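Everything below concerns the one structure shown next.
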Amino acid sequence: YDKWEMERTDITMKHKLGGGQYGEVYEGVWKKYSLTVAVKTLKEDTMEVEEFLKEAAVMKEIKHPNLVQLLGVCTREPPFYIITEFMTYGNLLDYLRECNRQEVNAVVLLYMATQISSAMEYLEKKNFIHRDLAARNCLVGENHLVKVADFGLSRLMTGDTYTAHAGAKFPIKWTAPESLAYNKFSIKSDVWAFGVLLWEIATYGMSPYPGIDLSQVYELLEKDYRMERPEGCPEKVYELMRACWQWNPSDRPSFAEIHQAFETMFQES
Amino acid sequence: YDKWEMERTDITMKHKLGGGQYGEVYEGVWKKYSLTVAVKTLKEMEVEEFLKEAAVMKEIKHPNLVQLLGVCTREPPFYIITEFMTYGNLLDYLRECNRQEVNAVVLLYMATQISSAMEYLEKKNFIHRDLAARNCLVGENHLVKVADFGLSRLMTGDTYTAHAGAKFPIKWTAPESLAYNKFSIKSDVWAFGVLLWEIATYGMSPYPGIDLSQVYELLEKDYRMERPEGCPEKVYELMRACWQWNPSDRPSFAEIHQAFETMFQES
Numbered sequence: 232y233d234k235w236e237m238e239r240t241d242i243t244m245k246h247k248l249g250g251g252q253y254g255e256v257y258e259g260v261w262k263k264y265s266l267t268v269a270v271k272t273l274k275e276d277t278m279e280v281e282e283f284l285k286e287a288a289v290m291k292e293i294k295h296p297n298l299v300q301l302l303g304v305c306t307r308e309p310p311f312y313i314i315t316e317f318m319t320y321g322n323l324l325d326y327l328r329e330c331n332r333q334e335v336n337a338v339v340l341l342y343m344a345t346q347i348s349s350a351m352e353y354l355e356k357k358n359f360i361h362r363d364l365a366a367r368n369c370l371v372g373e374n375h376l377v378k379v380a381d382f383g384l385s386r387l388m389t390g391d392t393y394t395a396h397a398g399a400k401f402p403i404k405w406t407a408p409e410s411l412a413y414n415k416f417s418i419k420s421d422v423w424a425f426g427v428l429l430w431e432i433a434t435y436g437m438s439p440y441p442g443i444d445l446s447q448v449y450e451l452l453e454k455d456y457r458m459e460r461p462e463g464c465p466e467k468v469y470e471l472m473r474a475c476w477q478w479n480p481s482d483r484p485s486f487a488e489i490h491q492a493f494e495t496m497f498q499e500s
Numbered sequence: 232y233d234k235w236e237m238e239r240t241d242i243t244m245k246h247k248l249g250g251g252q253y254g255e256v257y258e259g260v261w262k263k264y265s266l267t268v269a270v271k272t273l274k275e278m279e280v281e282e283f284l285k286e287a288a289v290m291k292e293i294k295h296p297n298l299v300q301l302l303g304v305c306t307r308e309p310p311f312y313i314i315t316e317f318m319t320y321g322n323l324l325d326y327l328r329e330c331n332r333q334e335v336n337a338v339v340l341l342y343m344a345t346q347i348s349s350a351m352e353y354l355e356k357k358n359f360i361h362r363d364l365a366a367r368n369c370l371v372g373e374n375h376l377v378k379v380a381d382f383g384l385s386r387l388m389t390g391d392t393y394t395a396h397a398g399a400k401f402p403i404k405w406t407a408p409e410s411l412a413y414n415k416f417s418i419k420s421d422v423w424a425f426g427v428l429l430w431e432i433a434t435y436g437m438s439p440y441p442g443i444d445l446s447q448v449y450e451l452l453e454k455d456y457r458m459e460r461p462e463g464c465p466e467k468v469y470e471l472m473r474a475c476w477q478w479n480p481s482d483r484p485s486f487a488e489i490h491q492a493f494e495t496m497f498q499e500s
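Line order of the protein sequences matches chains A and B.
Residue numbers for the first sequence, in the authors' numbering: 232 to 500.
Residue numbers for the second sequence, in the authors' numbering: 232 to 275, 278 to 500.
In structure tokens, the structure reads:
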């Protein structure tokens with residue numbers, strides 16, 4: 232903490248980010264290093280204070296090339312800041328939608344999946360769950376560098392389940408069946424969401440379950456409906472997708488297994 | 232009151248709140264904002282005391298203290314309007330919650346929120362004098378706020394003498410307060426420790442089965458409630474610290490909030 236703490240005047244705010252979709256997040260400048268950074272602030276709730284402060288606390292422990300890196304924190308007095316590295320190309324979802332597909336080709340899609348699964352393998356090991364894996368929550372740097380947004384992590388031993396608060400609302404099309412029905416999350420519900428992220432990647436950012444009424448998604452999942460293989464998607468990547476979407480969470484592969492499979496595919500590419 | 236004064240007609244009064252335990256407090260709807268609120272009334278307790286606690290609430294602002302929305306002090310009935318906490322009081326909430334959801338980390342989160350409120354009061358030279366789970370309120374996403382009706386300001390401090398005559402919830406009341414009607418932030422610290430016990434037991438009654446007449450003497454001869462099943466030793470250490478016989482031996486809310494914040498963050 233003390234090693235992490237900056238004075239607020241170290242930072243100047245440049246442009247509000249998002250635009251707005253992530254809340255009070257700003258492009259800023261770390262003045263002494265001429266460094267563009269991302270600065271999370273806390274407006275009057277908004278997030279509850281102790282929640283905000285814990286986000287900062289957990290990130291101090293996170294060190295991985297594909298997880299957004301904490302740079303510093305202002306927590307002595309308001310306004311509270313969480314300062315992290317800035318990913319110059321923004322979120323993965325818009326990146327895929329707007330890219331040149333001759334550049335962002337099949338081998339780059341593999342590279343992206345490999346990077347994300349590596350972060351998730353680290354989290355699985357460490358052992359946290361993410362709970363909101365999706366392309367909109369991945370960030371892109373130069374040369375197709377991808378980092379997973381890091382800010383809502385929760386501590387949970389791998390064999391254990393986290394029960395979300397009563398009334399919580401979920402991004403339904405990314406959400407595992409046991410989460411939809413019993414508010415239960417685990418590293419295996421992250422695996423499910425990763426499957427949907429894979430589909431987002433293979434489709435260059437299409438919306439999942441196109442046209443399908445949200446209130447019928449769970450019922451469909453129960454009867455073993457799953458999204459079809461995207462055009463151009465390799466069969467082995469689709470199989471991995473489908474394994475991520477097994478009904479029983481303990482049938483789903485680990486991220487260690489998933490990363491290994493992508494690493495091999497990327498290396499053989 | 233200039234910015235705080237509303238028309239009584241601005242509000243649509245509904246059912247009495249919380250089974251009547253509070254007791255002249257009603258669920259209500261602010262028509263203009265379609266915002267359901269909590270309305271306390273005096274049809275005309279002492280009017281001067283009603284006005285006093287209204288004025289105090291105008292000075293209080295903290296994310297974990299119940300927020301004042303408005304006031305009607307022109308003509309009776311008198312209104313004091315506050316936000317409505319949708320998950321009711323913390324005592325009932327704990328007794329009925331799914332404990333898989335409201336598990337150890339969430340109990341730490343509540344304690345952190347409450348102690349934060351109390352640290353704010355400590356610093357602003359107020360005391361509360363009625364800290365207990367029934368006087369804490371719960372909103373969406375495990376948000377907890379302390380009810381702040383009846384806060385007292387220490388004009389010269391830091392000990393406040395209650396009226397005559399006044400009767401207290403014995404099982405929550407510090408020994409020097411039972412003995413001499415003296416209340417301080419340190420007697421709030423004592424009550425906070427009982428509150429922790431309430432939280433750790435998911436809302437059990439303190440000193441179960443013990444005769445009220447014996448409580449003071451028991452405490453004097455160093456009886457203290459034992460560690461609740463499942464309560465971390467460090468949490469129970471804090472309870473015991475809160476229950477130090479000599480008030481000046483009890484920790485401050487600043488220290489308390491720091492301890493809980495750390496434990497919360499580490500979970």
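Ideal placement from N, C-alpha and C gives every residue a C-beta, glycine not left out.
- Item | Spatial distance of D241(A) from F311(A) (CA atoms) | 13 Å
- Using a C-beta to C-beta distance shorter than 9 Å, which residues of chain B count as neighbours of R386(A)? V338, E499, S500
- Proximal residues, the region 343 to 377 of chain B versus chain A, C-beta separation under 8 Å: Against chain A - using a Cβ distance shorter than 8 Å - the residues of the region 343 to 377 of chain B are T345, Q346, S349, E373, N374, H375, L376.
- Message: Let me confirm a value: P439(B) is counted as buried when at least 16 other C-beta atoms fall within 10 Å, else exposed. Which label applies?
- Response: buried
- Message: Please classify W476(A) as buried or exposed, where buried requires at least 16 other C-beta atoms within 10 Å of its C-beta.
- Response: buried
- Per DSSP, what kind of secondary structure is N322(A) in: helix, strand or coil? In the three-state DSSP reduction, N322(A) falls in the strand class (E or B).
- Report the rounded CA-to-CA distance for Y456(B) versus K400(B), giving the unit in angstroms. Those two C-alpha atoms are separated by around 23 Å.
- Whose C-alpha, out of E238(B), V256(B), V289(B), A395(B), is nearest the C-alpha of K245(B)? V256(B)
- Item | Contact with chain B by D276(A), beta-carbon distance below 9 Å | yes
- Check the C-beta distance from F416(B) over to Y393(B) and give it rounded, since I have them as a contact under 8 Å. 5 Å
- Query: Are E316(B) and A269(B) touching if we call contact CB-CB under 9 Å?
  - Reply: If you check the CB distance, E316(B) and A269(B) come in under 9 Å.
- Task: Express the C-alpha separation of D325(B) and residue 277(B) in angstroms, rounding to a whole number.
- Result: Coordinates for residue 277(B) are absent, as chain B skips straight from 275 to 278.
- Item | Beta-carbon separation (whole angstroms), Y353(A) vs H396(A), contact threshold 8 Å | At roughly 26 Å, the Cβ-Cβ gap does not stay under 8 Å, so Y353(A) and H396(A) are not in contact.
- Could you give the distance in angstroms between the alpha-carbon of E281(B) and the alpha-carbon of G383(B)? 12 Å
- Query: Which residue from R473(A), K467(A), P465(A) puts its Cα closest to that of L452(A)?
  - Reply: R473(A)
- Helix or strand or just coil, what does DSSP make of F416(A)? Here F416(A) sits in strand by DSSP.
- Message: Taking the alpha helix (DSSP H) that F493(B) belongs to, which residues open and close that run?
- Response: 486 to 499
- Item | CB contact flag (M437(B), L341(B), <9 Å) | no
- Message: Against chain B, does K285(A) count as a neighbour if the rule is that its beta carbon must be under 9 Å from one of theirs?
- Response: yes
- Item | Complete alpha helix (DSSP H) runs within the region 424 to 463 of chain A (minimum length 4 residues, chain order) | 448 to 453
- Residue span of the alpha helix (DSSP H) that contains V371(B), given as start and end: Run containing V371(B): none in the alpha helix (DSSP H); it sits in the beta strand (DSSP E), 369 to 371.
- Task: Tell me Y393(B)'s beta-bridge partners as DSSP assigns them.
- Result: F416(B)
- Message: Taking the straight line between their C-alpha atoms, what separation do you get for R483(A) and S348(A)?
- Response: 14 Å
- What residues are listed by DSSP as bridge partners for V256(A)? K271(A)
- Task: Please state whether DSSP places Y232(A) in a helix, a strand or coil.
- Result: coil
- Message: Going residue by residue through the region 318 to 367 of chain B, where are the continuous alpha helix (DSSP H) segments of at least 4 residues, counting only ones entirely within it?
- Response: Contiguous alpha helix (DSSP H) elements confined to the region 318 to 367 of chain B occur at 323 to 329, 337 to 356, taking only those with 4 or more residues.
- Task: Going by CA-CA distance only, name the one from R386(B), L411(B), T345(B) that's closest to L284(A).
- Result: Residue nearest to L284(A) within the set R386(B), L411(B), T345(B) is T345(B) (criterion: CA-CA distance).
- What residue does the alpha helix (DSSP H) around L301(A) start on, and which one ends it? No alpha helix (DSSP H) holds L301(A); the beta strand (DSSP E) holding it covers 301 to 305.
- Message: Please confirm whether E334(B) has its beta-carbon closer than 9 Å to some beta-carbon of chain A.
- Response: The Cβ of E334(B) sits closer than 9 Å to at least one Cβ of chain A.
- Going by DSSP, name the residue or residues bridged to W261(B). Beta-bridge pairing links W261(B) to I242(B), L266(B).
- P296(B): contacting residues in chain A (beta-carbon distance under 7 Å): Here the neighbours are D276, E279, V280.
- Query: Using the beta-carbon of each residue, which ones in chain B are nearer than 8 Å to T306(A)?
  - Reply: Per Cβ cutoff of 8 Å: no residues; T306(A) is ~10 Å from chain B at best.
- Message: Check whether chain A comes within 9 Å of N479(B), counting only Cβ atoms and requiring the distance to be less than that.
- Response: no
- Item | Three-state secondary structure (DSSP) of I403(B) | helix
- So, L301(B) versus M290(B), is the Cβ gap smaller than 9 Å? yes
- Message: Are the CB atoms of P480(A) and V427(A) within a distance shorter than 9 Å?
- Response: No. Outside cutoff.
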